Structures are given as structure tokens and as C-alpha cells.
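A.B. asks: Below you'll find the structure I mean.
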Amino acid sequence: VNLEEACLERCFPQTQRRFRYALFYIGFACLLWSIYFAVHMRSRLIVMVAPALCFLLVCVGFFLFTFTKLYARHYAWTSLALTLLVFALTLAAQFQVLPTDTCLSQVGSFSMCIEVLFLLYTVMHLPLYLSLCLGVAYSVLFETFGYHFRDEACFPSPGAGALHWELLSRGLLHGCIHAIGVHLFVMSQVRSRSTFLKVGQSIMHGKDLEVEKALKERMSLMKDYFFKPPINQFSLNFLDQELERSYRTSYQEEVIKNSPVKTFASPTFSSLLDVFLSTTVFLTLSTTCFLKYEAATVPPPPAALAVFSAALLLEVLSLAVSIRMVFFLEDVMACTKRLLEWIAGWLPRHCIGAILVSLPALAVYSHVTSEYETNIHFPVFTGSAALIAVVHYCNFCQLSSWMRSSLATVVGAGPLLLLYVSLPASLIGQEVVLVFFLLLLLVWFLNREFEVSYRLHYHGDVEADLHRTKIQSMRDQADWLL
């Protein structure tokens, strides 16, 4: 329990820094999310533009509260207070909006549901059990208010049979968000705690070395560690070149050395869970897309069916490789182990990872056809599904954040290019830009932070082993003299 209180005490500056950036993001979000609310929904500024301006000062008021000493004792309470306020406004926002100029597309609200639910799982530093329920609470209240308060005048009501299976669409996407959300939370908590123990062991060995050195001869840093990392701020590469090459190769030798898996922070175990979500994020997302056609009794295109077989098989092979990489079945031959050594390399992981991460992303865009403009529900469903495909790019934290989220930006630009070619249509096109730009900003920030945390975890590991090896070298010399 004392190590628990110490850990929150030592990593409090990280919690404070992340919280301030969420304060900047929400205020920055409300600045541009409400400008187009004021302009493109000019008929009703009474109910929509006012709350956003009010909450902007609340974010500033929260921002001012951060510098006070009372914040440090109840940083958890402050996050919960912000979470309820952010939960309430955006949840109640999807209600007051619901004549064509007064209706907001079902994609715009979903982006608010994503960024809000990704500040909770990543930045509020709220307990997992309460974060999961609040995240689900913001999800069930999001879906169960749109159905209640749907405006049939703006969006024509589809078939009754289609509505029931479309509930799976609302549920399954929200589930994907939480599955990414919990994993994003779990890995952040694991890497922060594992680094703390490694720094705790590193400082412990440093003091122990001096006691040993004296016997042989006779015969605040951790705060700056979490605040001033040994990493350049732009490219996120390590300042030391020998460490950077060590980090880039750090994955393969552990595969070569068959290092046993001890905790979730192991790169092989991290990749196994990382590849695992990619399959479920694919399997749940692609399940959602296909059930739309069954509800509309229109056969799916064979090309979309064709990519799925290649996509699932690639997921099946990649998943099977990871389990064999972690558990090492005894009947593996040396030829495949060399291949297992090869994929573990830095560039091979990026080439494989880029395919693995982008796989649910290309799943959504394989269903786009020339009939994309026939039904108005198809683009709003594709846009809603495209958001999570971009959201999936926060996974695979071992890859470079620049490489991953840029593919998300490329993938996030897929629907945009479709809309420009197709071009209420003009108004939605601008909304989707604001939908994704705010969303792509979050993935840019979130991927940057978690690569830093992942890189610091490795940096904490080598410093722990560098100091630990110094202990064994000195102990052998010390006992030899004895």
C-alpha cells in the first residue's frame, strides 16, 4: 500500500501534465466544435452555442485550479468532477440539437463520444472499475438518447427490421471503443507502474553500489525522469544513438533469447495483446458492416467478401504467430524460428504492423461502391465506422507514433476524398472535416504520449539492468577479495 501511495506521489506530475492537456483539448475542441454550431445551425444558437462557451471558461477554471495545492490532494476528485461535467454537456448536447439546418449528422455526435471517452480512459487517471462503468455509462446514455430523441423530419426512418439489427451497429462500435479504451488504459497503467518499479530498483541499486564500493575499497531525479525524458520532443527518438539502435533492436533479441514472459509489459506479451485487439476490432467492426446488408436484404459485394477472407487469414496467421512467439510450442523448427527472428526486426514490424493496424481501416472502405449515394444511411454508417478505424491506430504502441497516426490521417482522409468526389451534402462535408481534425488531433497527442511512456518503460528497463549488472560485477569482485 505504501508503494501504491508512493507511485501516485511520484507520477503525480505526469497526471497533472496530462490533465492540463485535456483541459487545453476540450477548450480547443469547444472553440471550433461550436463555431460551426453557431454558423451552420444558425436557427438555434439558444441551446447549443451557449453551453460550449460556458464550458470553455470551466476548462480555464479547471486549468486555474490545477496550480493550487488543493488539486494535488484530490487530483482524482478533480478528474471525476471534470468527467461528469464533460459527460453531461456532450451527452445533453445530443438531444438539444434534435428544419434540415438544425439537425447534426449522427457522425458528428459520435466524434464527441470518442474524444470524451478517450480522455477518460487515458488522461483522467481514474480507477479502472469506475472508468469502465462511466465509459459504458456515457455509451449507453449516448445511444439510448439518440433513439428516443431522433428527428424523423431530418433523417427518414428506415425499415423496422433494419432498426433492430442497427442497434447491434450502435452497440458493437461502442464496444470496440471500450475495448480499445480499456487496453489503452491498461497499457498506460502497466507501463507507468513498471517504470516506477524499475526506477525504484535503479535508485535502490545505486545506493547499494556505494555501500559495496566502500567495502571493496577498504579491502528528485524520478520527478524529472517523468517530466524531462531523455527523448527529443519532435521525432520522439532517444537522445542517445546507441540507445536508439538498442531500442529498435530491443524486440528481436528477446525473441532470439526466448526470454520468459513475466508481466504484461513484455514486448512479446504486449504485441500478443496488441495483435489480439486488432483481430477483435476487425472481427467486431466487420461483423457490424455485414449485418447492415442482411437487414437491407442486399447481398454484399464479392470484393468486400474477398478482402475479408484475405484480411481474416492474415489476422489468423499474424495472431497464430504471436501466440507461438509468446508460448513457443516445442515442435517449432529452426527455419520458422529464424523467420520469427526476422519479423521481430524493427522495419519488418513496421511493415507488418502497418498492415495489421490498417486492416479494420481497409475493412470499412472495401464496402464503398458506386451506389454509395443511394441511401443516406450508408455514408453516416460508413463515417461512424471510419471513426473507430482511425481510433484503432492508437493500438500497436510499440510502433512509431509518426508512422501509425499518419496512416490514420491517410485512412481518415479516405471518407473525405469520397465526399469531395460525391460533391445538406455540402454542410456535412465541412462537419466531417471538423469531426476528423479534432479526432486526428487526439490520436496525434495520444500516440505521442504512449510512445513516450513505452519508450521510457524500456529506458527504465535498461537503466535497471545496467545498474543491476554493475551490482553483480562489483559483488563478484567484492566477494573474491574476501
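Residue numbering restarts at 1 in every chain; chains get A, B, ... in the order shown in the C-alpha cells, and ligands count up from 1 in that same order.
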With a distance cut-off of 12 Å and only C-alpha atoms, select the neighbouring residues of residue 377 of chain A, excluding the residue or stretch itself and same-chain residues fewer than 5 positions from it, and output the selection as number ranges by chain.
C.D. replies: A: 105-107, 154-159, 162-163, 166, 292-293, 296, 371-372, 382-384
A.B. asks: Excluding same-chain residues fewer than 6 positions from residue 420 of chain A, what lies within 12 Å of it counting only C-alpha atoms, as a list in words?
C.D. replies: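 The neighbour list is residues 413, 414, 426, 427, 428, 429, 430, 432 and 433 of chain A.
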A.B. asks: Could the residues in this selection be written to a file with N, CA and C atoms, as a JSON list (two decimals), in the first residue's frame?
C.D. replies:
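Full text of part.json as output:
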```json
[["chain", "number", "residue", "atom", "x", "y", "z"],
["A", 413, "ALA", "N", -8.58, 10.35, -44.19],
["A", 413, "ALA", "CA", -8.83, 11.14, -45.39],
["A", 413, "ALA", "C", -9.54, 10.35, -46.48],
["A", 414, "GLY", "N", -9.72, 9.04, -46.29],
["A", 414, "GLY", "CA", -10.41, 8.21, -47.25],
["A", 414, "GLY", "C", -11.86, 8.63, -47.44],
["A", 426, "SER", "N", -23.15, 19.57, -48.78],
["A", 426, "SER", "CA", -22.03, 20.49, -48.62],
["A", 426, "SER", "C", -21.76, 20.78, -47.15],
["A", 427, "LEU", "N", -22.82, 20.95, -46.35],
["A", 427, "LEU", "CA", -22.65, 21.24, -44.93],
["A", 427, "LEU", "C", -22.01, 20.07, -44.20],
["A", 428, "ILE", "N", -22.43, 18.85, -44.52],
["A", 428, "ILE", "CA", -21.88, 17.67, -43.84],
["A", 428, "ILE", "C", -20.40, 17.51, -44.16],
["A", 429, "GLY", "N", -20.00, 17.81, -45.39],
["A", 429, "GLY", "CA", -18.60, 17.68, -45.77],
["A", 429, "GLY", "C", -17.69, 18.52, -44.90],
["A", 430, "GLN", "N", -18.12, 19.74, -44.57],
["A", 430, "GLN", "CA", -17.34, 20.57, -43.66],
["A", 430, "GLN", "C", -17.38, 20.01, -42.24],
["A", 432, "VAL", "N", -17.64, 16.84, -41.34],
["A", 432, "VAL", "CA", -16.78, 15.66, -41.27],
["A", 432, "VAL", "C", -15.32, 16.08, -41.14],
["A", 433, "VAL", "N", -14.94, 17.18, -41.77],
["A", 433, "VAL", "CA", -13.58, 17.70, -41.62],
["A", 433, "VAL", "C", -13.32, 18.09, -40.17]]
```
A.B. asks: If we count only C-alpha atoms, what is near residue 187 of chain A at a cut-off of 12 Å, once residues fewer than 4 positions away on the same chain are taken out, given as a VMD selection string?
C.D. replies: chain A and resid 121 to 122 128 180 to 183 191 to 195 263 to 267 269 to 271 273 to 274 394 to 398 449 to 451 453 to 454 457
A.B. asks: Which distance in Å separates atom CA of residue 387 of chain A and atom CA of residue 134 of chain A, to one decimal?
C.D. replies: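 Atom CA of residue 134 of chain A lies at a distance of 20.8 Å from atom CA of residue 387 of chain A.
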A.B. asks: Nearest residue to residue 278 of chain A out of A:91, A:179, A:356, A:130, using only C-alpha atoms?
C.D. replies: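 Selected residue with least distance to residue 278 of chain A: A:356.
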A.B. asks: Which one is closest to residue 85 of chain A: A:24, A:55, A:478, A:60? Count only C-alpha atoms.
C.D. replies: A:55
A.B. asks: If we count only C-alpha atoms and set the cut-off at 10 Å, which residues sit around segment 201-218 of chain A, ignoring sequence neighbours fewer than 4 positions away in its own chain? Please answer as an MDAnalysis selection string.
C.D. replies: chainID A and resid 195:197 222 460:472 474:475 477:482
A.B. asks: Go ahead and write the residues just picked, N, CA and C atoms, as a short mmCIF file (atom, residue, chain, number, x, y, z; two decimals), in the first residue's frame.
C.D. replies:
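Okay, this is what ended up in out.cif:
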```
data_model
loop_
_atom_site.label_atom_id
_atom_site.label_comp_id
_atom_site.auth_asym_id
_atom_site.auth_seq_id
_atom_site.Cartn_x
_atom_site.Cartn_y
_atom_site.Cartn_z
N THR A 195 7.62 1.12 -14.95
CA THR A 195 8.73 2.07 -14.96
C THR A 195 9.07 2.53 -13.55
N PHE A 196 8.05 2.77 -12.72
CA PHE A 196 8.29 3.22 -11.36
C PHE A 196 9.08 2.19 -10.57
N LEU A 197 8.73 0.91 -10.71
CA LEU A 197 9.48 -0.14 -10.04
C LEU A 197 10.90 -0.23 -10.59
N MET A 222 13.63 11.14 -10.11
CA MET A 222 12.49 10.44 -10.69
C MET A 222 11.41 11.40 -11.14
N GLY A 460 13.70 2.80 -18.67
CA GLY A 460 13.77 2.37 -17.28
C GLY A 460 14.26 0.95 -17.13
N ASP A 461 13.95 0.09 -18.11
CA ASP A 461 14.38 -1.30 -18.04
C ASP A 461 15.89 -1.43 -18.20
N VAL A 462 16.47 -0.75 -19.19
CA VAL A 462 17.90 -0.89 -19.44
C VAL A 462 18.70 -0.27 -18.31
N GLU A 463 18.27 0.90 -17.82
CA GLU A 463 18.92 1.51 -16.66
C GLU A 463 18.85 0.59 -15.45
N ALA A 464 17.72 -0.09 -15.27
CA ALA A 464 17.61 -1.07 -14.19
C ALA A 464 18.60 -2.21 -14.38
N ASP A 465 18.73 -2.71 -15.61
CA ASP A 465 19.65 -3.82 -15.86
C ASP A 465 21.10 -3.33 -15.91
N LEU A 466 21.32 -2.11 -16.39
CA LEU A 466 22.67 -1.55 -16.39
C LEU A 466 23.19 -1.39 -14.97
N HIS A 467 22.33 -0.92 -14.07
CA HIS A 467 22.72 -0.81 -12.67
C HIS A 467 22.78 -2.19 -12.01
N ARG A 468 21.86 -3.08 -12.37
CA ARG A 468 21.85 -4.42 -11.79
C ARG A 468 23.10 -5.20 -12.17
N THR A 469 23.54 -5.09 -13.42
CA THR A 469 24.76 -5.77 -13.84
C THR A 469 25.97 -5.20 -13.11
N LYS A 470 25.98 -3.89 -12.87
CA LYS A 470 27.05 -3.27 -12.10
C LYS A 470 27.09 -3.84 -10.68
N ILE A 471 25.93 -4.20 -10.14
CA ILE A 471 25.88 -4.81 -8.82
C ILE A 471 26.56 -6.18 -8.83
N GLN A 472 26.26 -7.00 -9.84
CA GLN A 472 26.82 -8.34 -9.88
C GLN A 472 28.31 -8.32 -10.16
N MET A 474 30.38 -5.93 -9.27
CA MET A 474 31.07 -5.46 -8.07
C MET A 474 30.97 -6.49 -6.95
N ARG A 475 29.83 -7.18 -6.85
CA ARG A 475 29.68 -8.21 -5.82
C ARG A 475 30.66 -9.36 -6.04
N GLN A 477 33.59 -9.13 -7.52
CA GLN A 477 34.89 -8.61 -7.12
C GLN A 477 34.98 -8.47 -5.60
N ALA A 478 33.90 -8.03 -4.96
CA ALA A 478 33.92 -7.84 -3.51
C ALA A 478 34.09 -9.16 -2.77
N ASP A 479 33.37 -10.20 -3.21
CA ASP A 479 33.47 -11.49 -2.53
C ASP A 479 34.78 -12.20 -2.87
N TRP A 480 35.32 -11.95 -4.06
CA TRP A 480 36.60 -12.56 -4.44
C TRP A 480 37.73 -12.06 -3.55
N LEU A 481 37.72 -10.76 -3.22
CA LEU A 481 38.71 -10.22 -2.30
C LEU A 481 38.56 -10.85 -0.92
N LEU A 482 37.33 -11.13 -0.50
CA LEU A 482 37.07 -11.78 0.77
C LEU A 482 37.57 -13.22 0.76
#
```
A.B. asks: Taking into account only C-alpha atoms, which residue in the set A:285, A:184, A:343, A:316 is nearest to residue 447 of chain A?
C.D. replies: A:184
A.B. asks: Write out as a ChimeraX atom specification which residues come within 12 Å of residue 116 of chain A when counting only C-alpha atoms, dropping same-chain ones fewer than 5 positions away.
C.D. replies: /A:22-23,25-26,29-30,82-91,109-111,121-124,131,134-136,138-139,142,177-178,181,438-439,442
A.B. asks: Can those selected residues be exported to a file as a PDB file, in the first residue's frame so that it contains C-alpha atoms?
C.D. replies:
```
ATOM      1  CA  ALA A  22      -7.120  17.516 -21.711  1.00  0.00           C
ATOM      2  CA  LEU A  23      -8.140  20.938 -20.405  1.00  0.00           C
ATOM      3  CA  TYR A  25      -8.040  19.955 -25.795  1.00  0.00           C
ATOM      4  CA  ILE A  26     -11.638  20.313 -24.583  1.00  0.00           C
ATOM      5  CA  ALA A  29     -12.467  21.429 -29.035  1.00  0.00           C
ATOM      6  CA  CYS A  30     -15.289  23.683 -27.821  1.00  0.00           C
ATOM      7  CA  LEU A  82     -14.451  17.254 -14.956  1.00  0.00           C
ATOM      8  CA  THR A  83     -15.613  13.877 -16.299  1.00  0.00           C
ATOM      9  CA  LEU A  84     -19.180  14.343 -15.056  1.00  0.00           C
ATOM     10  CA  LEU A  85     -19.255  17.872 -16.487  1.00  0.00           C
ATOM     11  CA  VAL A  86     -17.827  16.762 -19.844  1.00  0.00           C
ATOM     12  CA  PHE A  87     -20.051  13.671 -19.812  1.00  0.00           C
ATOM     13  CA  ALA A  88     -23.180  15.708 -19.087  1.00  0.00           C
ATOM     14  CA  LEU A  89     -22.725  18.520 -21.622  1.00  0.00           C
ATOM     15  CA  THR A  90     -21.869  16.448 -24.695  1.00  0.00           C
ATOM     16  CA  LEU A  91     -24.459  13.834 -23.718  1.00  0.00           C
ATOM     17  CA  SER A 109     -22.010  13.335 -32.191  1.00  0.00           C
ATOM     18  CA  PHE A 110     -20.022  10.089 -32.358  1.00  0.00           C
ATOM     19  CA  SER A 111     -16.752  12.032 -32.550  1.00  0.00           C
ATOM     20  CA  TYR A 121      -9.540   6.106 -20.443  1.00  0.00           C
ATOM     21  CA  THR A 122      -6.200   7.845 -20.998  1.00  0.00           C
ATOM     22  CA  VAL A 123      -5.847  11.185 -19.211  1.00  0.00           C
ATOM     23  CA  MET A 124      -8.229  11.400 -16.240  1.00  0.00           C
ATOM     24  CA  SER A 131     -13.627   4.438 -15.601  1.00  0.00           C
ATOM     25  CA  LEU A 134     -18.534   5.690 -16.623  1.00  0.00           C
ATOM     26  CA  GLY A 135     -17.249   4.953 -20.117  1.00  0.00           C
ATOM     27  CA  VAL A 136     -20.081   2.476 -20.624  1.00  0.00           C
ATOM     28  CA  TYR A 138     -21.541   7.612 -21.478  1.00  0.00           C
ATOM     29  CA  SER A 139     -22.041   4.995 -24.208  1.00  0.00           C
ATOM     30  CA  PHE A 142     -25.379   8.233 -25.869  1.00  0.00           C
ATOM     31  CA  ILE A 177     -14.278   1.914 -28.388  1.00  0.00           C
ATOM     32  CA  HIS A 178     -14.171   0.478 -24.867  1.00  0.00           C
ATOM     33  CA  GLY A 181     -10.197   2.232 -24.350  1.00  0.00           C
ATOM     34  CA  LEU A 438     -10.397  17.174 -33.804  1.00  0.00           C
ATOM     35  CA  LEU A 439     -10.264  13.367 -33.752  1.00  0.00           C
ATOM     36  CA  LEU A 442      -6.368  13.428 -30.271  1.00  0.00           C
TER      37      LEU A 442
END
```
A.B. asks: Please, what distance in Å, to one decimal, runs between atom CA of residue 351 of chain A and atom CA of residue 401 of chain A?
C.D. replies: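 Going from atom CA of residue 351 of chain A over to atom CA of residue 401 of chain A covers 14.1 Å.
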A.B. asks: Ranking A:290, A:444, A:276, A:436 by minimum distance to residue 393 of chain A and counting only C-alpha atoms, which one comes first?
C.D. replies: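 Closest candidate: A:444.
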